[PDB]
Amino acid sequence: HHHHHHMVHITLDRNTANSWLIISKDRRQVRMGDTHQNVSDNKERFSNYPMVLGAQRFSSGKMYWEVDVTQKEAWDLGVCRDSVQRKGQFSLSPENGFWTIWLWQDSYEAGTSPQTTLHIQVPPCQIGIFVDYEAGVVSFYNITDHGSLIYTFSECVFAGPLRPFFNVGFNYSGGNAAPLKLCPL
Ligand SMILES: CN(C)C(=O)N1CCOC[C@@]12CCOC2
């Protein structure tokens, strides 16, 4: 792909984070803490899952960023509507305002309803995310495998401003403590 030139500098929005997340001082890395991180509750925080949004809002144009997923067992990545539900249980689906892929139990899947099996030969250490607002497109690229396509959501109905979306996953196993990191441009 030739999307690299639409690179945007993404930072994480503390105020949206689940109360167990630890966001680095530079707002470029996030990991699951082993306890509540001593923050007040607010209506923005994701309550049920280890999720956080980027601070940036996109309503037009072409945007590209990269995320490091090294050594993680489980995570979700993509974009979502600014108006997504924060409290209680929900599925990741375009009907609920999410355009995502994930790793879970040694398989990669796209967040369609129902979910779609992904075909990845080289487990990725870094993921590239491309959004074309006007075209209604969200695409995912395997940076570890020369930028090979993972998945394209097309005919997307964004229906509002979009925010970068992250889930570091639970760490019940003791094997998923590693952070998500926004990679330098
Ligand atoms: C750490 N853990 C397994 C949790 O139970 N947490 C803590 C972080 O917020 C989400 C919830 C899941 C169920 O609601 C609370």
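Both backbone and side-chain heavy atoms feed into the values below; hydrogens, waters and symmetry mates do not. Positions are given from 1 along the sequence. Remember, it's 1-based here, ligands and their atoms both numbered in the order they're listed.
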May I ask whether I23 and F170 are part of the same hydrophobic cluster, defined by side-chain heavy atoms of I, L, V, M, F, W, Y residues being less than 4.5 angstrom apart, directly or through others? yes
Relative to the heavy atoms of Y172, which atoms of ligand 1 are at a distance of less than 4.0 Å? 3 (C)
Which residue from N48, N171, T35 reaches closest to atom 13 (C) of ligand 1 through any of its heavy atoms? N48
Parallel, tilted or perpendicular for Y141 and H3, by the 30°/60° rule? tilted
Given the protein's heavy atoms, is any one of them under 4.0 Å from atom 9 (O) of ligand 1? yes
Distance to 0.1 Å, residue and atom name: give those for the protein heavy atom nearest to atom 14 (O) of ligand 1. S47 O, 4.1 Å
Separation of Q115 CD from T100 OG1 (nearest 0.5 Å): 10.5 Å
Does some non-hydrogen atom of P50 fall short of 4.0 Å from ligand 1? no
Option with minimal heavy-atom separation from atom 1 (C) of ligand 1, where the choices are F46, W20, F170: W20
If the plane angle is over 60° it's perpendicular, under 30° parallel, otherwise tilted; pick one for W75 and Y108. tilted
Take atom CG of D26 as the centre, draw a 6.0 Å sphere, and report whether it contains more than 12 heavy atoms from other residues, nucleotides or ligands. yes
Value rounded to 0.5 Å, distance of OH in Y64 from NE2 in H1: 3.5 Å
Just jot down the ligand 1 atoms closer than 4.0 angstrom to any heavy atom of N18, in number order. 8 (C), 9 (O), 10 (C)
